[PDB]
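Undergrad: Provided hereafter are the protein sequence and its experimental coordinates.
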Amino acid sequence: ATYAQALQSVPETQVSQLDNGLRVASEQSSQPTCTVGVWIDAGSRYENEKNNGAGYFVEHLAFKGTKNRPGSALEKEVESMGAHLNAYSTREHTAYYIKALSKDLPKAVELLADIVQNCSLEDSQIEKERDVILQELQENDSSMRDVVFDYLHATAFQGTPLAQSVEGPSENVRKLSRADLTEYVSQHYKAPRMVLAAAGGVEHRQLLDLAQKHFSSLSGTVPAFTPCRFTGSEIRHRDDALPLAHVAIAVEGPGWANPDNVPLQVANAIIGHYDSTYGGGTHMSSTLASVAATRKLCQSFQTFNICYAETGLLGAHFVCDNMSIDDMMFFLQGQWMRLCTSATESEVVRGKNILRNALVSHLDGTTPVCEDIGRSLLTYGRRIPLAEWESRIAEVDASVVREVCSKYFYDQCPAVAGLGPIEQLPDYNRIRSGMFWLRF
Amino acid sequence: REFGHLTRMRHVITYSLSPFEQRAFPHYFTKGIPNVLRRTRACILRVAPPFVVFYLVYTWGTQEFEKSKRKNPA
């Protein structure tokens, strides 16, 4: 039991492929509980200006009713056997997964096969779901973090489908005829862009049998996204009545490919995260976190590595009062250039340990394992074993971190998104000038 | 009087772009010249006449001084 032995003791995720193109994957270890989910390659990145929000509407109507199971009866079958049904639709992925018992796996697939292929799309359900979506859009408007992230996506991927929000504009939600939903399901829920992931106590042979028996009727054997562009800009929503000032600044990072993710994820791990309710505070290793805790300069800050296929957003999002935005910008940018110019070996080792803990802690529990299987099959084209992750972490050193940070951070036009009392946010010229160090 | 509490403002959305992604001289002559003519037309009627009356009085004073220096046939 020396980590490496444990890493090679993790059961592998066998992958099979039906004729239709559905990629079936399973990982049985011990558990009597399982998480089985269909991952679609659909999302807001694929919808055009008129179809924006169609994926959200389809996800909303997926569980309400099907063809074989009329309406609420579906929920009954989920509740009667104790299964928990859930769905999430990010910008480039969609997923419907149920957590059930190992015994209920033959049924677990069937309900899923009902949801993805033959939904109901009942007109009255659409009519009520329209109001539901409008109110949910209001709730998300109240969500200041989500609003800031959507603003960042809008101002970074300007003029591209990536800038489109997942929920879509409120004007679109009104029209959204049933024909549009049917067309979107037809040309975005095809078999090749499906991964049937199943974690927990599922046998891959049994999964293959059920998938073949329940998914063969799907389309067997074209807009396939386009490389988006980065437009370094900023959107400032000066709303002084808001209590805090949410700010997010990001740069063009790597994609799902481009192994530079591994070093950069280390560098972000060096910056770390911290909010008001934390532990050591001033004693934290991160210089930014220590300074913020010492001077009470923040109520929160986080480092994000949002990475899509062709590109992605790599940066930091912080929540602070109106009188600390400028100092925060200075300290965050200074930490970025400190990593770019002189990373040091000890900091890189700390980041490597933190990132090692991240993957293993995340890959705990049936649902996160199934989600990782689906996301890895869709994005990377394979489920990357934890041993390969360990090797990639090991290959990262101070020089590699310095080089990759200089490639992605040093002298780059950033995309900024502020919201709240953000009048003290430094002007974009000042922010960009902070992205190059005269001393170096 | 410094950034942070200058005033209060709400519901204002502002956009801009990096100086490294947009032209420094976006059609400097396509709309620059029409703008110059527009501003010139706006200010010419209220700027010129005070200067033109000065031009006339300067010329008249100079010519009258020269004439006065000439002899006045006596």
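TA: Yep, it's here. Residues are numbered from 1 along each chain as shown, chains lettered A, B, ... in the order given.

Undergrad: so how far is residue A:418 from whatever residue of chain B ends up closest to chain A?
TA: Proximity of chain B to chain A (CB to the nearest CB) peaks at residue B:18, 3.8 Å away. The way it works is simple: take the backbone N, C-alpha and C, and place the C-beta from them, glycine included. Residue B:18 sits 16 Å away from residue A:418, going by CB to CB, to the nearest Å.

Undergrad: got the residues of chain B near chain A?
TA: By CB under 8 Å from any CB of the partner chain, the residues of chain B that approach chain A are B:3-6, B:8-21.

Undergrad: what subset of those is buried?
TA: Buried members of the residues of chain B next to chain A, counted by 16 or more other CB atoms under 10 Å in any protein chain shown: residue B:18.

Undergrad: tell me the SS of the closest residue in space to residue A:266 that isn't next to it in sequence?
TA: The spatially closest residue to residue A:266, leaving aside those adjacent along the chain, is residue A:351, at 4.0 Å (CB to CB, 6 or more residues apart in numbering or on different chains). Going by DSSP: H, G, I helix; E, B strand; the rest coil, the secondary structure assigned to residue A:351 is helix.

Undergrad: follow-up on the earlier one: so which of the residues of chain B next to chain A are in strands?
TA: Taking DSSP state E, the ones among those that sit in strands are B:12, B:13, B:14, B:15, B:16, B:17.

Undergrad: for residue A:62, which non-adjacent residue is closest in space?
TA: Excluding its sequence neighbours, the residue lying closest to residue A:62 (CB to CB, 6+ apart) is residue A:115, at 5.1 Å.

Undergrad: which stretch of helix or strand covers the one you found?
TA: Per DSSP states H and E, residue A:115 falls inside helix A:105-116.

Undergrad: buried set for that helix?
TA: Result for helix A:105-116 [16+ other CB under 10 Å]: buried residues A:105, A:107, A:108, A:109, A:110, A:111, A:112, A:113, A:114, A:115, A:116.

Undergrad: out of these, the closest to residue A:134 would be?
TA: Of all the buried residues of helix A:105-116, the one sitting nearest residue A:134 is residue A:115; the distance, using CB to CB, is 23.9 Å.

Undergrad: roughly how far does that closest one sit from residue A:94?
TA: Distance of residue A:115 to residue A:94, given as CB to CB: 11 Å.

Undergrad: equivalent analysis for residue A:284, please.
TA: According to CB to CB, residue A:284 and residue A:94 sit 37 Å apart.

Undergrad: of those two, who's got more company?
TA: Relative neighbour count places residue A:94 above the other of residue A:284 and residue A:94, with 27 against 19, counting by other CB atoms under 10 Å in any protein chain shown.

Undergrad: ramachandran angles for the nearest residue to the more buried one once chain neighbours are set aside?
TA: Spatial nearest neighbour of residue A:94, excluding adjacent residues (CB to CB, 6+ apart): residue A:40 at 4.1 Å. Main-chain torsions, residue A:40, degrees, to the nearest 10: phi -100, psi 150.

Undergrad: ok, residue A:40 - how many residues close by?
TA: For residue A:40, using other CB under 10 Å, the count is 23.

Undergrad: looking at it, it is touching residue A:192, isn't it?
TA: No - counting by CB atoms under 8 Å, residue A:40 does not reach residue A:192; the two are 10.7 Å apart.

Undergrad: next, the contact list for residue A:342, please.
TA: Going by CB atoms under 8 Å, 6 or more residues apart in numbering or on different chains, residue A:342 touches residue A:402.

Undergrad: residue A:61 touches residue A:125, doesn't it?
TA: Yes - between residue A:61 and residue A:125 there is a contact at 5.7 Å, judged by CB under 8 Å.

Undergrad: more neighbours: the two, which one.
TA: Counted by other CB under 10 Å, residue A:61 and residue A:125 do not tie: residue A:61 has more neighbours, with 22 against 18.

Undergrad: which strands and helices sit next to the host helix or strand of that one?
TA: Using DSSP H and E, residue A:61 sits in helix A:54-62. With contacts defined as 3 or more CB pairs under 8 Å, 6 or more residues apart in numbering or on different chains; DSSP states H and E, the packing partners of helix A:54-62 are strand A:84-89, strand A:94-101, helix A:123-142, helix A:178-188.

Undergrad: between those, which gets nearest to residue A:301?
TA: Of all these, helix A:123-142 comes closest under CB to CB, at 21.4 Å.

Undergrad: report the angle between the closest one and helix A:54-62.
TA: Computed with axes from the mean of the first three to the mean of the last three CA atoms, to 10 degrees, the direction of helix A:123-142 lies at 120 degrees from that of helix A:54-62.

Undergrad: buried set for helix A:123-142?
TA: Quick answer for helix A:123-142 (16+ other CB under 10 Å): A:125, A:126, A:129, A:130, A:133, A:137.

Undergrad: report whether that helix contacts chain B.
TA: No - using CB under 8 Å from any CB, helix A:123-142 never reaches chain B; the gap is at least 12.7 Å.

Undergrad: distance from the chain centre to the next helix or strand after that helix, please.
TA: For helix A:123-142, the following helix or strand on the C-terminal side (DSSP H and E) is helix A:144-156. Distance of helix A:144-156 from the chain centroid (CA atoms, centre = their mean, to the nearest Å) equals 14 Å.

Undergrad: what does helix A:144-156 rub up against?
TA: A:91, A:140-141, A:162-163, A:165, A:230-235, A:237, A:242, A:244, A:246-248, A:250, A:252, A:313, A:317, A:319, A:415-420, B:15.

Undergrad: on that earlier part again, can you name the residues bridging to the residue nearest to residue A:94?
TA: Note on residue A:40: beta-bridge partners residue A:94, residue A:194, judged by DSSP bridges.

Undergrad: okay, residue A:87 and chain B: tell me how far apart.
TA: Distance from residue A:87 to chain B, counting by CB to the nearest CB, to the nearest Å: 32 Å.

Undergrad: give the contact list for the closest residue to that residue other than its chain neighbours.
TA: What sits nearest to residue A:87 in space, not counting adjacent residues and going by CB to CB, 6+ apart, is residue A:96, at 4.5 Å. Residue A:96 makes contact with A:37, A:38, A:59, A:62, A:85, A:86, A:87, A:112, A:115, A:116, according to CB under 8 Å, 6+ apart.

Undergrad: appreciated, that's everything.
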